[PDB]
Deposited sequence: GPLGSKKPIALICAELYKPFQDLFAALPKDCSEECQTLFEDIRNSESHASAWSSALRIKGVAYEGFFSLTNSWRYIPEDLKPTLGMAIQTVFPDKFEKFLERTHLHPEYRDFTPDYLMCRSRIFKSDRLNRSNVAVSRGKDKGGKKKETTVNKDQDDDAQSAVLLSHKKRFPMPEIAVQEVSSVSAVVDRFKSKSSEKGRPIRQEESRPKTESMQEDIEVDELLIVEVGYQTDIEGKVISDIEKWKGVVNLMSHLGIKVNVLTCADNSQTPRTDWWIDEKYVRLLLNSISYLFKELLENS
């Protein structure tokens, strides 16, 4: 019965609360998408836009939760960009070993950080332990892999640069999300091991049935998503 514009009208408050709490670039992109929904002419157009809001907003709240920078997809660095700027002395041999798999160079994770446009973090190991802790405490599916040349041991007498590669998501099939993510990045990790480059890859996911205290984002942010985008999806179907 209800037209789409009227659906957006009814959820004015929830969406105004959502936009107010997202990081600035993330909020703007969601606001544009919301007006695409408001002015949508086809049900397929609205749903696709809602899908974009779901993923973009979730990433904004993942960033806030972790005190990380939200990066719009257009500004997200690729793997090749990370090797170029963080491990320049190995970039040429990175190119050679990617000749049979050149799409590796263009892999663009949600977050691509390095230890102190690649973002900097204070400790990679702390993030990994955070993820492994919540996986072990709350049963949350993750996948994790670290590169390792041969059977090399960690060392105490020198520091090396390292990368942390994180994939996040908001979607129903949580197990499938992390299984497919780690599978996609497995070849890169093996490659990194052969280059002597230390990397960790992390993947995790939430869905709308995850207990509110158990998400990878702060519970306050869970309510904002459920009160806005999640109802929007409900209301798009009914009407």
| property | result |
| --- | --- |
| Missing stretches, numbered from 1 on the deposited chain sequence and kept in order | 1 to 5, 122 to 176, 300 |
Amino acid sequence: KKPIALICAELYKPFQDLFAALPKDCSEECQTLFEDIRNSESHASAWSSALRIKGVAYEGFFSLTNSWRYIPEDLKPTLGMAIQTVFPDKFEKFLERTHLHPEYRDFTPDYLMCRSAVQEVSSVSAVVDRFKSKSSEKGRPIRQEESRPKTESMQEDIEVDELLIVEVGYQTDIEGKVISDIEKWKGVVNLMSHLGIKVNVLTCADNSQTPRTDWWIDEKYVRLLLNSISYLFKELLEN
From here on, numbers count along this sequence of modelled residues.
item: Stretch with the greater mean C-alpha B-factor as recorded in the entry, comparing 58 to 66 against 40 to 48; value: 40 to 48
item: Mean C-alpha temperature factor, higher of 24 to 32 and 198 to 206; value: 24 to 32
item: Maximum C-alpha temperature factor, selected from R130, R97, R140, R143; value: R97
item: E167 - which third its CA temperature factor falls in, relative to the rest of the chain; value: lowest
item: Entry-reported Cα temperature factor of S116, expressed as the chain third it lands in; value: highest
item: Ranked C-alpha temperature factor of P149 among modelled chain residues, by third; value: lowest
item: CA B-factor placement of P88, once the chain's modelled residues are sorted into thirds; value: middle
item: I158 by Cα B-factor - lowest, middle or highest third of the modelled chain; value: lowest
